[PDB]
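Residue numbers for the sequence shown follow the working numbering, so the first one is 1097 and each next one is one higher.
Worksheet for the structure shown next.
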Amino acid sequence: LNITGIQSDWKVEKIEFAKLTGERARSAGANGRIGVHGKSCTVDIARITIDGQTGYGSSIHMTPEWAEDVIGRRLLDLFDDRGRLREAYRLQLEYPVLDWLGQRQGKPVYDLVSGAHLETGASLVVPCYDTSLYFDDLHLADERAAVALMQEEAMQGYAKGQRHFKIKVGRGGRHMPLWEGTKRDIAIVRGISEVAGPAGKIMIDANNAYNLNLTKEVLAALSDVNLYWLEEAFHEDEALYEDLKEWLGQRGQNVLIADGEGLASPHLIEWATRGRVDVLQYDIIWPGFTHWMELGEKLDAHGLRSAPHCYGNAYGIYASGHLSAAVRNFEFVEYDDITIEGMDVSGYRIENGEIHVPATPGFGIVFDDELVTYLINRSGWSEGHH
Ligand SMILES: [Mg+2]
Ligand SMILES: [Mg+2]
């Protein structure tokens, strides 16, 4: 981030907070470890005002008491001598602040953070995948029926421009009997592979419901299906992933190991640098965008891949698209089709397995000021003044 244009008199004038609500296009069922996710979605949003101009973005871990202590601070003082937002402000304010900087400079965040030296202008187009393939089949006793239902769901995404798909597996860990559930996982993946076709990338996500041998059984069953990655087969463990990697190598089966969401092992990155994990999946909100810019740099330096987790928060989708400009080995935007009341994302569009990020200021999302003001006053909160 270049902050040489930030004037020292620009101060945080107001911070306001509200929870926006919406719905995903199709209700999401269970996954390997927990129950139905549902259709309702929310996004916690803050609106910051600095030098008479507003910026909007995701905000977490912020209380009115915390914000009260930030009012009156100079924007410059929120940054490192290296142009990086200080740790203390990231979760609460990085998104509103980055949006703000984009509004004030009239640039999309991707241009602010890319560190690019070549002339800008080229449209930002980023691979994405459909993450919405949950255990939506559990009400069906028949395996073939289950496959057909999941194929239809994949087709729904395909019609909306999705070409790559992540399929939840691990049905036998908790929700179905172990052996039947595992057979069904395999059959569903095969079925979706037929939908996606030869250029469609297929990922599977067990949400830790497998163990090493169950994982080997599933992978062997799916030899003829080109799987792009295997995500959270079981809780990350250097010894188990070392084994799996060697096993995959012996079979010449090319499947990336992906991990890192939730409460990750504190040694996961170490394990990745030693070759046990290929794709890292820390969440786009926590630890966040600034963190990911630094992490992405380190991962790039080791030839490791970045695939920020995003689920449960629609805002993170658009953030992920912008982050891609700052990380060489950026894999995909994890996409969930969500409509949030008051959050106009129409500048973005999906086409042929890619999300086209608009070149408009900040994150290119236009919030409904009046609705947000209502929500702030009704249930949210406000600190500072105009
Ligand atoms: Mg996952
Ligand atoms: Mg994990």
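For each residue, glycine too, the CB sits at the ideal point set by N, CA and C.
- With a cutoff of 8 Å on beta-carbon distance, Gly-1384 and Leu-1187 are scored as near each other.
- Contact check for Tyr-1225 against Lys-1297 passes: the beta carbons are separated by less than 8 Å.
- Taking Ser-1210 as the centre and dropping the five residues before and after it, the same chain places the C-beta of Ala-1421, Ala-1422 closer than 6 Å to its C-beta, in chain order.
- Within 7 Å of the C-beta of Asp-1140 there is not a single heavy atom belonging to ligand 2.
- Between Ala-1126 and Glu-1479, the gap from beta carbon to beta carbon reaches 8 Å or more.
- By a beta-carbon distance limit of 8 Å, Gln-1258 contacts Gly-1449. Their separation comes to about 6 Å.
- Annotation: the continuous beta strand (DSSP E) that includes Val-1222 extends over 1220-1229.
- Here DSSP, grouped into helix, strand and coil, assigns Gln-1103 to coil.
- Residue environment: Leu-1214 is assigned as exposed (fewer than 16 neighbouring CB atoms within 10 Å of its CB, all protein chains considered).
- The C-alpha of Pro-1273 is placed about 23 Å away from the C-alpha of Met-1299.
- For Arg-1445, the enclosing beta strand (DSSP E) has its first and last residue at 1445-1447.
- Cα atoms of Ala-1403 and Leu-1376: separation of roughly 6 Å, rounded to the nearest angstrom.
- The Cβ atoms of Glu-1239 and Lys-1279 sit closer than 8 Å to each other.
- Taking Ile-1380 as the centre and dropping the five residues before and after it, the same chain places the C-beta of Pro-1404, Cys-1406, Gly-1412, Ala-1415, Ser-1416 closer than 6 Å to its C-beta, in chain order.
- Proximity of the beta carbon of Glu-1332 to ligand 2 is indicated: a heavy atom of the ligand is located closer than 7 Å.
- Looking only at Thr-1469, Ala-1455, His-1481, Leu-1467, the smallest Cα-Cα distance to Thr-1216 is reached by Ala-1455.
- Contact annotation, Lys-1110 with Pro-1457: C-beta distance approximately 19 Å; criterion of less than 8 Å not satisfied.
- According to the DSSP assignment, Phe-1385 belongs to the alpha helix (DSSP H) that extends over 1385-1398.
- Within the same chain, and ignoring the five residues on either side of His-1133 in sequence, the residues whose Cβ sits closer than 6 Å to its Cβ are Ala-1124.
- A contact between stretches requires three or more CB pairs, one per stretch, nearer than 8 Å, and the region 1282-1292 fails this requirement with the region 1142-1159.
- In this structure, the CA atom of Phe-1459 is about 45 Å from the CA atom of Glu-1276.
- Looking at the backbone, the Cα of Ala-1142 and that of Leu-1234 are separated by about 38 Å.
- Judged by DSSP in its simplified three-state form, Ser-1420 adopts helix.
- In the structure shown, the three-state DSSP call for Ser-1289 is helix.
- One thing to note: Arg-1401 has its Cβ no nearer than 8 Å to the Cβ of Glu-1366.
- Taking the C-beta atoms as reference points, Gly-1253 is found no nearer than 8 Å to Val-1193.
- Rounded to the nearest angstrom, the Cβ distance from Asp-1176 to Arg-1182 is 6 Å, consistent with a contact under 8 Å.
- Annotation: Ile-1472 to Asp-1140 spans about 11 Å, alpha carbon to alpha carbon.
- Under the three-state reduction of DSSP, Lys-1135 is assigned to strand.
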